[PDB]
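A note on names: the letters A, B, ... follow the listed sequences, proteins ahead of strands, and every chain is numbered from 1. Reckoned from all heavy atoms, side chains included, excluding hydrogens, waters and symmetry mates.
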There are 2 protein chains.
Amino acid sequence: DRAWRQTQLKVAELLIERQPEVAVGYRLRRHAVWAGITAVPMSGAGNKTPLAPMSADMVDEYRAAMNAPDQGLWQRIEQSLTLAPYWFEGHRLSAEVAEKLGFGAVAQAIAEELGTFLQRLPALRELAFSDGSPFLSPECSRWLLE
Amino acid sequence: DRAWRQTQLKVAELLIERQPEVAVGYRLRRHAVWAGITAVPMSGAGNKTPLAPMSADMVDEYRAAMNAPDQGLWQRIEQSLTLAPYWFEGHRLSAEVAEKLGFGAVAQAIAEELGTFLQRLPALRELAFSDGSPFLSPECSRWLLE
């Protein structure tokens, strides 16, 4: 399973490099990252999991850059999503970058894949990182619904 | 490149085998079969391309089996649409088996992927095999519209 995850991520990287505008490489990366998750993370009071939040400075850098997105930025957001599986805000940014680069079909696939994931594991919508920041903000939640 | 196609197919096969209810492996197979087609086949009179139609006995076998669909049937249909990339009727049948076996998300994904391919190459809607049978039957066409 660990090696399979790696095989899927390498194949996804190759698909994405070759055709940034094609959805399937992006979908395969989501499967690689998420398919192994069958139980939601344990949590204490307030549904706070003992998992580190994304660095808010790292997140502010990506936010800043959305005024002029490029592949470099998009790659960093994607890499962050692969390292931080519950950072759902990253999928919203990623789809926003896709949309701004003219990759409509990829933006849509990114929304759908997060929707599918959350349909399988709905309890994830209620959980937070160790600092009380939500996996899924009310903004990301509304974005997904829309 | 050939080895890339084969790599994609093997990954796709293993994703489908492990999780037959999960869309992404089916999607990966489509990309493998179709991504290298940027031009539609040449044709002569009657929009007949010089490509062999699917064996009618083979198709009669799959249709008869739709009475009691199983994994074996589904695999054969899938193998056939891998070997015969323009046999769109086979996607309809695949999605019908998916539906019947309770895999609705997969059925939907099969429809989406074919509509996507047809959006990229719309002249494929007007072509036929060497005996005049259409790449896209009116039945397949109606299924996509639904």
Identify the residues of residues 14-29 of chain A whose heavy atoms come closer than 4.5 Å to a heavy atom of chain B, ordered by number, or report 'none'.
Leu14(A), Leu15(A), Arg18(A), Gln19(A), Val22(A), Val24(A), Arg27(A), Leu28(A)

Are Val40(B) and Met54(B) connected in a single hydrophobic cluster, I mean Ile/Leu/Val/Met/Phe/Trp/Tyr linked by side-chain heavy atoms less than 4.5 Å apart?
yes

Joint hydrophobic cluster, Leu93(B) plus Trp143(B), side-chain heavy atoms closer than 4.5 Å
yes

Connected via hydrophobic side-chain network under 4.5 Å: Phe103(A) and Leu114(A)
no

Consider only side-chain heavy atoms of I, L, V, M, F, W and Y, link residues closer than 4.5 Å, and tell whether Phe129(A) and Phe117(A) are in one cluster.
yes

When you group the ILVMFWY residues by side-chain heavy-atom contacts below 4.5 Å and let the links chain together, are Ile37(A) and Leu144(A) in the same group?
yes

Is it the case that more than 12 heavy atoms not belonging to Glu126(B) sit under 6.0 Å from its CD atom?
no

